[PDB]
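Peer 1: take these chains first, placed just as they are in the complex:
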Amino acid sequence: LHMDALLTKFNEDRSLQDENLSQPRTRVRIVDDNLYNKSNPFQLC
Amino acid sequence: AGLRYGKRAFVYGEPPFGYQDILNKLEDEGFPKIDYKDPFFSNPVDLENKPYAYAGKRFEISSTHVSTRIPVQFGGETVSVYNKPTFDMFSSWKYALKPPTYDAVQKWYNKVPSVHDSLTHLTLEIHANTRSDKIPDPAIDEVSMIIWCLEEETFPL
Amino acid sequence: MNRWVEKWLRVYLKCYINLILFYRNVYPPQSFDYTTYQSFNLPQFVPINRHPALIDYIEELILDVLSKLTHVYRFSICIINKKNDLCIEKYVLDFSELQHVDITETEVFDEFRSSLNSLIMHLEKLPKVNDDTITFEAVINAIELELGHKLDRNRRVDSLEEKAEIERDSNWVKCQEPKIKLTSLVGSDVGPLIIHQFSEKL
Amino acid sequence: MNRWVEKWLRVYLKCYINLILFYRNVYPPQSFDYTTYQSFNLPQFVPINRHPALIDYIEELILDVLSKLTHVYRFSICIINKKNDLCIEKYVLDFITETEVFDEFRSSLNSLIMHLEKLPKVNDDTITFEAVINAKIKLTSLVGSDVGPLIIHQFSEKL
Amino acid sequence: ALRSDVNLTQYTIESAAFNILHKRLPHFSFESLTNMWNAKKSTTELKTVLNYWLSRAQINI
Amino acid sequence: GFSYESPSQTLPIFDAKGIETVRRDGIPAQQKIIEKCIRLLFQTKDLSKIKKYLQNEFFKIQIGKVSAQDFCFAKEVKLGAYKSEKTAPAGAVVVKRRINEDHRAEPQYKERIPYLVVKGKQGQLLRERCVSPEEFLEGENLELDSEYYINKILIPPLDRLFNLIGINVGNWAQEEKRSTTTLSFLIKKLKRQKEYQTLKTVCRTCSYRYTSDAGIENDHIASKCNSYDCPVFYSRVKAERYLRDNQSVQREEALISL
């Protein structure tokens, strides 16, 4: 298939759903437990 | 034949010198056959009237810049303009410096800038322990290594 | 105001000359490399030549033009053929009062980006120019000045500024001004720099 | 007027003849002064011959051409190839303020320099020159003086 | 012999080795060699001093 | 002058006689400087390039960007063939000062003992400073006498060579948020650190001749090389002095306040 046929197949059937933009999806929380504990071994003066 | 002269044309006298006799006549007149380059300043700022003299010997050192070169004279007297210029409105000007050549850039880019008849030889070296960098003395410091080497090229047997 | 305009105009002229030399095959395209720094932060990834002599030539030309700026109202990079001295292409850069002496550099670089994009879009449509004896030239149109008449006093130089003034006054010669085809382009409409662009073919 | 045009035409013709003599192989190099003089405040180097006889000959030729400038309408300098007697090249010059004529001659001489410095080299001891006064050809049009009432055209031939 | 034959500056074993044989030899003080030769550990140091004097003896030829 | 022993010879031969480029009565720096100036004069005939080169060299010597090895004299010392003690040359003073601490450090007949010159107070005859390379590289506050070196070891021979032309060389010598300065300091520090690491790698590779090792204790064995006949050693001690100093810039406040 040509490039125009791919665009006609994909973009014409666009869903345009779930894109509220007012209540965006919150990213999953991943924490760094070594942020404040103590003694970073590789931190030199 | 070749390039025609025209309908009505004349010719001037033949020059006195040719391609070969030119230098031979230039030397006989009281001039060097080839006038090599004297020490000169390429920067006219660095001139500073340096060639003044030395031990009673007057030297003439000049520059090749446009500011120091004298105009071409016609008849022994320099021809120069004395009156002030007359600038006219709406003029056009052209850059005189020639740009680099196409071929020059390509050439720059392509370069991408049975009998014993000798003497036997033996060598010896010595290592002695010293005491706090004292350049060991042969009266208080003893020998520890007598590494030796024998020259195998001339050694027979 | 001569405070910051002298750097932005220098960058613009550098990118202008380099783009004209690149997209018209005046020099081999292998000697050009897309960059953003050529002793000045460029507004784009402009193909700048890396020849030692050509860089110095362009820099001296731009400095001379910027020195004469107060009287120059037009600057043209003429493309002349070598088999016969004839202007086949001419890219005019108008300087109508330049809003000179009488500012959020990002906006200046945005305007320069628009102007250079227009110039590139115009140059990409012209037919391919063969190498091997295609060359260029530089012509300015001044308001009121007379060049070449500063060497009439032997002008004993004292520093580099006076020597530069002399060699810049002496580096220009006088000149004069069918099926011409003029094509206007996008200029710079920023406050201090009001520049216009043009083009000539055939 | 007719005052400044005379002196500036003298200097222009001297530089013209010397350039045509040096940039070809009519007379050998190392026989000119390539680092001393300046022609018309031009940045390029102007060569002037060192032998006083040739310089005096050129000056006398220029004075004799200017003495009868009203009758001549073309002053050409032909390049004759020896052992063939065929004019290979023929540089031709066809026929009111001091500054105007100065700038016109400056531009004309600069054009002459730019045209001469891009020609193929010539082998030695094969060319003699001969100036002519008019009282397959490759043509090239050069810059000329149009301000003064003595408008001159400059063009060259080859082969 | 080297002073009489070749004209160089220092006329030391390292300088002569570099100027005649094009060999650059490290140089250790008499105290460093002593500290290496008295190291109960660090076989590398003993090998170092041994090869030091062996090269000094071989370059003389 | 440039010698052409045959017409087919294309490149000339720099044939000098008697001048400071062949005499061992000076320093290696003056030989290179004089040879470069003479080649510039013979090839280009340009007095501006020579002036620029000489001014650059004088500025480098004045600042302290020299190799510190090209400024080492070397003169034969006849330690017994001298008339008296006050007539002994500069090298004999160093030799005797070394003998007084170690009598075994007595040189052989006609030995080449090197020495350098440093700064001094009013007077301070040349014999009075006369530091050896060992004393100079271990001294805390010792800098080469740039004035003495430049003038009395560069100006006389160039004056001779260029007064034969008509120019005086002595006149050429008399003439929380911060991203710019902090980044410049970082560039300087990183350049110096990379140069130091390169020098250490070079020394570690050179020390492979003896150790035949590559891991640790090879950098330790190579760190004790005091070969005064190697240019990498002087650069190494200079890099060490530079890295052990300027602690004010290398802190938590490098003009960035954090």
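Peer 2: Arrived safely, thanks for sending. Residues are numbered from 1 along each chain as shown, chains lettered A, B, ... in the order given.

Peer 1: show me where chain C has its strands.
Peer 2: Assigned by DSSP state E, chain C shows strands spanning C:32-37, C:41-49, C:72-80, C:87-94, C:139-144, C:172-174, C:181-182, C:188-189, C:194-197, C:200-201.

Peer 1: what's the closest of these to residue C:4?
Peer 2: Evaluated over those, closeness to residue C:4 peaks at strand C:41-49, with 12.7 Å, by C-beta to C-beta. (C-beta placed from N, C-alpha, C; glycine too.)

Peer 1: which of the residues in that closest one are classified as buried?
Peer 2: Buried residues in strand C:41-49, counted by 16 or more other C-beta atoms under 10 Å in any protein chain shown: C:42, C:43, C:44, C:46, C:47, C:48, C:49.

Peer 1: up against chain B, what does chain E have?
Peer 2: E:29-31, E:33-34, E:37-38, E:49-50, E:53-54, E:56-58, E:60-61 (C-beta under 8 Å from any C-beta of the partner chain).

Peer 1: which two from these end up farthest apart in space?
Peer 2: Most distant of the residues of chain E next to chain B, by C-beta to C-beta, are E:38 and E:61, 29.3 Å apart.

Peer 1: can you list the residues of chain E near chain F?
Peer 2: Close to chain F, as judged by C-beta under 8 Å from any C-beta, chain E has residues E:3, E:7, E:9-12, E:14-15, E:18, E:24-29, E:32, E:36, E:42, E:44-45, E:47-48, E:51-52, E:55.

Peer 1: filter those residues down to the buried ones.
Peer 2: Buried subset of these (neighbour count, 16+ other C-beta under 10 Å): E:9-12, E:14-15, E:18, E:25-28, E:32, E:36, E:44-45, E:47-48, E:52, E:55.

Peer 1: helices of chain B, residue ranges please.
Peer 2: B:21-28, B:102-110 (DSSP state H).

Peer 1: who's in contact with the longest one?
Peer 2: The contact list for helix B:102-110, computed with C-beta atoms under 8 Å, 6 or more residues apart in numbering or on different chains, reads C:26-28, C:30-31, C:49, C:51, C:53-54, C:131-135.

Peer 1: let's go with 7 Å and repeat that
Peer 2: C:27, C:28, C:30, C:31, C:51, C:54, C:131, C:132 (C-beta atoms under 7 Å, 6 or more residues apart in numbering or on different chains).

Peer 1: then add chain G to what we have above:
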Amino acid sequence: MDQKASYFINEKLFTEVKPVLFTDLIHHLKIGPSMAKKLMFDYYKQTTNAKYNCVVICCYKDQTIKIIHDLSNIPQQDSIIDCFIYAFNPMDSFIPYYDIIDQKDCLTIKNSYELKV
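Peer 2: Placing chain G onto the earlier chains gives this:
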């Protein structure tokens, strides 16, 4: 809206000559990414005066992203899960420019933490 977007694209393509991305439409019209792709495709249609070079990218399976250059030999057309228009380039060399963007309300995914000032 297909009216403001067309005018904005025409302006940023012809008056202020610059390559326009679909994220620019996202930031200017405050719309989602899919709606921006739909508007870009709609502007690619009705293009009797076509004076630009469309930049088409397609996302294959196994999470691969490619920018189509030849537009004649698209590898593995069966594995394509999406294929949209990325930008409209008036010139030949794409070479866009990226500046500061204030994504105050045009975000579709926010990080779990909030900026503490």
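
Peer 1: now with chain G: the contacts of helix B:102-110?
Peer 2: Counting by C-beta under 7 Å, 6+ apart, C:27, C:28, C:30, C:31, C:51, C:54, C:131, C:132 sit against helix B:102-110.

Peer 1: ok, now how distant is the most far-flung residue of chain B relative to its centre from residue F:106?
Peer 2: What lies farthest from the middle of chain B is residue B:140; by C-alpha atoms, centre = their mean that is 61.9 Å. Relative to residue F:106, residue B:140 is positioned 17 Å away (C-beta to C-beta, to the nearest Å).

Peer 1: not counting its neighbours along the chain, what's nearest the closest residue to chain C within chain G?
Peer 2: Evaluated by C-beta to the nearest C-beta, chain G has residue G:17 as its residue closest to chain C, separated by 4.2 Å. Spatial nearest neighbour of residue G:17, chain neighbours left out: residue C:117 (4.2 Å); criterion: C-beta to C-beta, 6 or more residues apart in numbering or on different chains.

Peer 1: so the one you found touches residue G:91, yeah?
Peer 2: Yes. In terms of C-beta atoms under 7 Å, residue C:117 counts as a neighbour of residue G:91; the distance is 6.4 Å.

Peer 1: who's more crowded, these two?
Peer 2: Counting neighbours by other C-beta atoms under 10 Å in any protein chain shown for residue C:117 and for residue G:91 shows that residue C:117 has the greater number, 22 against 18.

Peer 1: can you pull the contacts of the more buried one?
Peer 2: Contact partners of residue C:117, counting by C-beta under 7 Å, 6+ apart, are G:17, G:18, G:91.

Peer 1: and the residue of chain E closest to chain F?
Peer 2: Nearest residue of chain E to chain F, counting by C-beta to the nearest C-beta: residue E:27, 3.6 Å away.

Peer 1: which helix or strand contains residue F:193?
Peer 2: Following DSSP states H and E, one finds residue F:193 within helix F:181-206.

Peer 1: is chain A contacted by that helix?
Peer 2: No. Judged by C-beta under 7 Å from any C-beta of the partner chain, helix F:181-206 stays clear of chain A, getting no closer than 14.6 Å.

Peer 1: that helix vs chain E: in contact?
Peer 2: Yes. With C-beta under 7 Å from any C-beta as the measure, helix F:181-206 is seen reaching chain E through residue F:206.

Peer 1: how many other residues sit next to residue B:99?
Peer 2: 19.

Peer 1: and the residue of chain A found nearest chain F, what does it touch?
Peer 2: Scanning chain A for the residue nearest chain F gives residue A:45, at 8.7 Å (criterion: C-beta to the nearest C-beta). Contacts for residue A:45 (C-beta under 7 Å, 6+ apart) come out as none.

Peer 1: build in chain H:
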Amino acid sequence: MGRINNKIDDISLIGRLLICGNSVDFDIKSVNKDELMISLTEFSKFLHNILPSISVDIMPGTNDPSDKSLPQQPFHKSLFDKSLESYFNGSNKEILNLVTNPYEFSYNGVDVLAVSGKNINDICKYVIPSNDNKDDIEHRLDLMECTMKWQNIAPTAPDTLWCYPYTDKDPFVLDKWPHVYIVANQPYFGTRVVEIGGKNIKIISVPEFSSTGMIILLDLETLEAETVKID
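Peer 2: One more chain to add, chain H, which I have set with the ones above:
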């Protein structure tokens, strides 16, 4: 940010971003503050545009404006545009964290030890005339496995380490095995799980993004690394 893939159900599972070094390429032999500032402003534009959507953990590299030794300190609070002054105020560290060159991120309990990749790149600059009985991905994976086996992150101390790394307690001598061992700035990409004394360490070789711009997505529920190529 979820603009290209449009699968917000799966893109919202990428909790953090970890640049493992080599953010700017230059030569300190010939460089000034201008062009380095241009590259740093480009990087700062990227950071300011991507931070409102995802958290970033920046790590120094081998050719970045930082120390040439292996324990490289964080870049600086400077070297970034003034638009990022709100992230460097001290309280906003969970969204942007300039970190030391070696570091053990405790990502929700998954202790991952990350190195920019100078140790392996310094081991590979040697030619050992052994191991016969060549610059392949399996060879570098074996080198990383041996680094984990010997419990020494930097076997070539004179090349990677610097004077005074520590006193009487060296940090490169491993005192605890991590779960994931990341060595970046490698020519090729490859993963390998190794069993050392009843334990299991997953080694990951992150390739450069300049050439072969792949992005590794490492899961934390099963430790499965998948790649995302960008052409």
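
Peer 1: and the contacts of helix B:102-110, now that chain H is in?
Peer 2: With C-beta under 7 Å, 6+ apart, helix B:102-110 has contacts from C:27, C:28, C:30, C:31, C:51, C:54, C:131, C:132.

Peer 1: same deal with stretch B:33-50?
Peer 2: Here stretch B:33-50 has contacts from B:23, B:26-27, B:61-65, B:67-68, C:157, C:159-160, C:163, D:30, F:41, F:45-48, F:51, F:165, F:167, using C-beta under 7 Å, 6+ apart.

Peer 1: can you select the buried ones from those residues in ChimeraX?
Peer 2: Entered in ChimeraX, the line below selects the buried ones among the contacts of stretch B:33-50, by 16+ other C-beta under 10 Å:
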select /B:23,26,61,62,63,64,65,67,68 /C:157,163 /F:41,45,46,47,48,51,165,167
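
Peer 1: tell me the contacts of the residue nearest to the spatial centre of chain C?
Peer 2: Nearest to the mean C-alpha position of chain C, counting by C-alpha atoms, centre = their mean, stands residue C:13 at 4.5 Å. Contact analysis of residue C:13 by C-beta under 7 Å, 6+ apart lists C:62, C:65.

Peer 1: the residue in chain E that chain A sits nearest to and chain H, how far apart?
Peer 2: Proximity of chain E to chain A (C-beta to the nearest C-beta) peaks at residue E:42, 28.0 Å away. In this view, residue E:42 and chain H are 16 Å apart by C-beta to the nearest C-beta, to the nearest Å.

Peer 1: what about residue F:124, distance to chain B?
Peer 2: 29 Å.

Peer 1: please apply the same query to residue G:91.
Peer 2: 25 Å.

Peer 1: in three-state terms, label that residue for me.
Peer 2: Secondary structure state of residue G:91, per DSSP: H, G, I helix; E, B strand; the rest coil, is coil.

Peer 1: so it makes contact with residue C:121?
Peer 2: Yes. With contact defined as C-beta under 7 Å, residue G:91 counts as touching residue C:121 (5.1 Å).

Peer 1: what segments of chain E are helices?
Peer 2: Here chain E has its helices, by DSSP H, at E:2-5, E:13-20, E:30-37, E:43-59.

Peer 1: make that chain A, sorry
Peer 2: Using DSSP H, helices in chain A cover A:3-11.

Peer 1: next, count neighbours for residue F:212.
Peer 2: 12.

Peer 1: give the contact list for it.
Peer 2: The contact partners of residue F:212, by C-beta under 7 Å, 6+ apart, come to residue E:47.
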